[PDB]
Number of protein chains: 6
Amino acid sequence: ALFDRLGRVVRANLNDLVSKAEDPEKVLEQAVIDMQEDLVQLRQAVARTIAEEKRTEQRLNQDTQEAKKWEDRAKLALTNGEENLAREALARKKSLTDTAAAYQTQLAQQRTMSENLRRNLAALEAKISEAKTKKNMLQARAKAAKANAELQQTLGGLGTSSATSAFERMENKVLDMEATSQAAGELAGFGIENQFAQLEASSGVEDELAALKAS
Amino acid sequence: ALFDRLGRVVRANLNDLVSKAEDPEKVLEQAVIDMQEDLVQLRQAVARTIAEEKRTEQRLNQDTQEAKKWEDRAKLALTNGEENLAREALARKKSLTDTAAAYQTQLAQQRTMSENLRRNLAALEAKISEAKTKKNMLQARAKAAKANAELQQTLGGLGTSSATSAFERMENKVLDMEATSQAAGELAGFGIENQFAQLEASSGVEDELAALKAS
Amino acid sequence: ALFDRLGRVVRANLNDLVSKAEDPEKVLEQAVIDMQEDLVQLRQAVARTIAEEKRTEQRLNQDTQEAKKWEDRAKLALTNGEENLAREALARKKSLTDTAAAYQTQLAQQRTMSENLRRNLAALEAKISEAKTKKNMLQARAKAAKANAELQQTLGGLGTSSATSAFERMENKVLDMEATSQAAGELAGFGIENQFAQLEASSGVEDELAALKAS
Amino acid sequence: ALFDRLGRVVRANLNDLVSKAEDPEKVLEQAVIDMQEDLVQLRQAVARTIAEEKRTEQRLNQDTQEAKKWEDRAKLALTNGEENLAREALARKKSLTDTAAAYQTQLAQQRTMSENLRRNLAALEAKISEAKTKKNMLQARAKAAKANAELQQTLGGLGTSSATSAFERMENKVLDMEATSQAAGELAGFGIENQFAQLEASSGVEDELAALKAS
Amino acid sequence: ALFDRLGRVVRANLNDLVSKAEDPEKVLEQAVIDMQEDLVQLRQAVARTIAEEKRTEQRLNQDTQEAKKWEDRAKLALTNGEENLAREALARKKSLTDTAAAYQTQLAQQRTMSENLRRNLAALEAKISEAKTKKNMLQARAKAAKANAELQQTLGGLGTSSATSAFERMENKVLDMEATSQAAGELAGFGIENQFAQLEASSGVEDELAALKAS
Amino acid sequence: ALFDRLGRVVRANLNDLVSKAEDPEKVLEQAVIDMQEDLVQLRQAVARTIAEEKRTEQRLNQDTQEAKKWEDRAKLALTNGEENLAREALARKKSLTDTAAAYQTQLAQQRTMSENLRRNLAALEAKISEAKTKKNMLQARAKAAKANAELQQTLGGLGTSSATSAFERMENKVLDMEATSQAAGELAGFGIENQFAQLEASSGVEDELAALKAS
């Protein structure tokens, strides 16, 4: 349906605006806080399982302690003489003794669930801890991305160095053109040729001075 | 008949709505209260049986005590002299004595019913008590079911951790792509090749410094 | 019937709200006040049984005292001379004497009920007194539960100590990173290598000073 | 019923507010005033029993004094001569004499009730008096509880002494750090080593002065 | 029917407007979210199949454990002496043992369905994962399409470079036309011909200077 | 009948309006969607045929498994001793065995229908797939028809180029007519003939200059 495609495109445009606003390193801190809240909720469920194991433990010890009570009352009645009453007390002692087995098995059963949820806690603890160390390395990688952007700004500064160097190269071309214009006027008037003829006569006089030193 | 099948389907749909609304642990408390009301009604029936046994007991003792009365009146009349009157009193004593046997047998008969209903009370007491202990273990099992649902929420939190980790992985891919773009521009301009030639000349100078330390 | 299951579920939801509002230690005081009202009602029933025993006692003494009256009137009539009147007075004395036995047996019968209800009072007194001592220990156990919740708050304070220690660890990492950046710039400029060469020359001068002390 | 549990919880919350407002020593004075009002009401009941004993006493003496009147009238009529009238007066004297016995027994009967209520008064007097002495010791114990709270305030003053001593210890650490900084600069400039060489030369001069005294 | 052709043409025009609004890369993210919702619904159906396998497993173990109960009761009755009761208990043990086979076969039957749906889950997992990797390559291809559009903009910039170069070529044609107009006026006045005659006389003077250097 | 010819002409006029509104490429997408709905309906009929084949398969296996049951019961009765009962069980085993053949033949019969409808599905799958590829080529052909209409617009642009070129040709004819009017006035005044006589005298002077260079 075309309305479902338009709703998916609007949700994708909203997600693209969310990614454009995403903040470096702050998202990792928010993930660590969210993992801490999840660990507190998991610890509450583990605590409720441990409380069930403690309830069954208390009931077990209650059963044992009450069976000893019936056992003592049976001996009291036996010493008095009412033997049938002692047999009745022992009969109730048997009921308590047998119920001890059911609560014992239930207790060992709850130990398996306790260990299961404890293993889940341990693995999720590993997950949160690797989140911690991953953030440690990921903050170093995010700083390295900012340093790579600084290296790109140093390369981009080549455009500004080309503007300053091009302005200096234009001023140097104007100075060299003024010097060339003085040399072109001095050559075109014959003055450079007269100076070359005078330099040849000065070289002839230097050769005559070398011969005068040689003789 | 099709109307009986529609009535059974409507009652099954009503039962499915009742199961959807069922509350954890509260149903076990309502069962313990219903077992207490049933035990009070059973105790009232047992009390009526015990009252029948007490009525017959009183009638038995009445018969014995009245027979002693006739026995004494017979001796009074004997000492006076009216022997026939004493024989009449003894004749009534015989009637009372014989009725004692019928009420004695009826009393021992009612003892069997008393013991029957008492055994029923004892067994139903065992039933209610195992209901109590069963609720004790069943509340621990219901808490373990809530803790299993918490472990499923910790596994389901993997989808939210994949959304946070995927947002971090997209930001890391954008930073690594900016660094790769700076390295691709630096290589494509020949600057990475000029830096590799300068690093080879720096390694040659380090080998010359090692030879200068060696000589 | 589905309406009976909905009524039991609504009553269980009301009981769960009552347990959520339950107040520590105040419920034990309300139980002690309710046991005091029940003991006052039981004491009123015991007092009515003791009053029945006192009524029969008064009737017994009345019978004895009246029999003595008839005995004296018989002697008065005997001394006067109307012997038949004295025999009549003695005849009534016999009736009173015999009724004394019936009221005597009834009195000893009421003593058994008095002792029965008195034993019930004694046992329920034991029950209320163990309620008192149980509250004494139970207030100590409720304070120990509040202290266990304080120990859980001291362990939960580890999250706040991790926030303060993590802020200090981030400030220490920033200071150590600034020191490392100064050391990396000093090494990369060759200044750390020049300082290591000067430290080797200072160690050579210290060895020359040790040789100059040795000679 | 859930409304009875909510009423008991509201009454327990009201009792907890009453205990929070409880005032030391003033409650013992209010108990002494309440015991004085109860003793005044008990004394009024004892006074009504003593007034019943006084009424019977007056009736007894009235009977005796009236019997003497009839006895005198009998002698008057005897001396006159109407012997039958004297016998009639003596006949009434007998009626009064016999009624004296009934009121005598009733008086001795009321003495038993007087002594019973008097014993109750004595025991409740012991109760109020032990309340008095108990308050005497209990005011000493309440003052000892206030003195124990003062000893807890003296121990709690250790936190304020740690704040003052910690401020002094920080100022002493700043002064010792300034002295250490002067000693570290004096050692690092070689001045402490020059002073140690001068102290060795001063010890050599002291040994030369000891040899110059020895020779 | 012509109304069905008009409805198909209107739906095709609506689809063409939907394709014109289609957004690059956002549709792949919406497909990954839709595959995650479908995987959650498939996982719920697989979980219901696994719960059916667990129900049958519990019933199987229940049957075994109950058969052991009947086996023990048979030995109790045998040791007591009621042999027929023991044979009855063994008769019920046989019923439980045989039902174990039916639930065993049903359990192994449900394992086949569990594996079937698990294989479907695995294959659809492969489908979603190839969707993930396909999006990875498809985002690279979409960026390459944007870069191809940038290369088309660089070629289209040839029209703007032709406008700037054509304006410079018109200014250069105007300057060259002004120079040509000065040369055409200088030639048409005979001044270029007089300068060519003077350049021929200057070449004759240069040849005379070369002969004067040669002699 | 003339009313049937008028109804056919009205339906043909409605079809001509439908063809005038026909949209390029969108009709091929609507045909692909209509082929998908037809394939879903055909797949539902094929699924009902496969379910009939599965029903017969289950009945076949039921027959085999039940025949084994009767075979075992026959051996039980044989070992017990009731031989006639075993022969009866084998008699029922024969009935089940023979019914197996009828359901076997019916199953192989339904396989032929399954294969027939499966072949129809395969061929219609070929039809829909060639519809897909035909649309692939047909979208390329529809784009080529739009490009042919663009080539017709480029040829039709020759009319607009003739309007611009005709306006330029009229301006060029007006400029050439103004130049011709200046030349016609200059010729008609004799000035062109005087300039031709002066050009002949200038050619005579150029021939005299060539003779002066030749001598």
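S.K.: Any details on the overall build of chain A? Residues and values, ideally.
M.R.: If you tally the helices and strands in chain A, you get four helices and zero strands. Ordered by position in the sequence, the α and β elements of chain A form the string α-α-α-α. Over its C-alpha trace chain A gives a radius of gyration of 51 Å, far above what one expects of a compact globule, namely 17 Å for 215 residues.

S.K.: Describe helix α3 (residues 83-188) of chain C, with residues and values.
M.R.: Residues and elements named next belong to chain C. Between its terminal C-alpha atoms α3 stretches 154 Å, which fits the 158 Å expected from 106 residues at 1.5 Å a residue. A bend of about 25° at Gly159 is the largest found in α3. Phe190 sits one or two residues past α3 and shows a positive phi near 80°.

S.K.: Just give me the short version of the UniProt feature "coiled-coil region" in chain A, but keep the residues and values in it.
M.R.: Here the UniProt feature "coiled-coil region" sits at residues 25-155 of chain A. Along residues 25-155 of chain A the backbone is 98% helical and 0% strand, and the end-to-end C-alpha distance reaches 26 Å.

S.K.: I'd like a description of the arrangement of the chains, backed by residues and values.
M.R.: When C-alpha atoms are compared, chain A and chain D, though not in contact, are closest at a spacing of 26 Å. The two units chain C and chain E are non-contacting; their minimal C-alpha-C-alpha distance is 26 Å.

S.K.: Lay out unusual backbone geometry with the relevant residues and their values.
M.R.: Across the chain, the bulk of peptide bonds are trans and the bulk of non-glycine residues have phi less than zero. At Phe190 of chain E, a position not held by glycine, the phi torsion is positive, near 80°. Positive phi values are uncommon outside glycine, yet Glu25 of chain F reaches one of about 80°. Turning to its location among the elements, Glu25 of chain F is positioned in the loop between α1 (2-20) and α2 (26-80).

Reading the values: the criteria
- Positions along each chain are numbered from 1 by the written sequence. They may not match the entry numbering, and residues without coordinates are not shown.
- Chain letters start at A and ligand numbers start at 1, both assigned in the order the entries are written.
- Any value mentioned applies to the visible chains, which represent part of a larger assembly rather than the whole.
- Side-chain numbers here rest on the full set of heavy atoms in the structure, without hydrogens or water.
- Residues with missing side-chain atoms are left out of burial classes, side-chain pairs and their counts.
- Only DSSP runs of H or I reaching four residues or more are called helices, and only runs of E reaching two or more are called strands; each is numbered from the N terminus.
- With C-alpha atoms as the basis for the radius of gyration, the globule rule is written as 2.2 Å multiplied by the number of residues raised to the power 0.38.
- By this rule the span expected of a helix is its residue count minus one, scaled by 1.5 Å.
- By definition, a residue's bend is the angle between the axes fitted to the seven residues ending there and the seven starting there.
- UniProt positions are given in the numbering used here, feature names are shortened, and annotations may be inferred rather than shown by experiment.
- Residues count as neighbours in contact if any of their non-hydrogen atoms are within 4.5 Å of one another.

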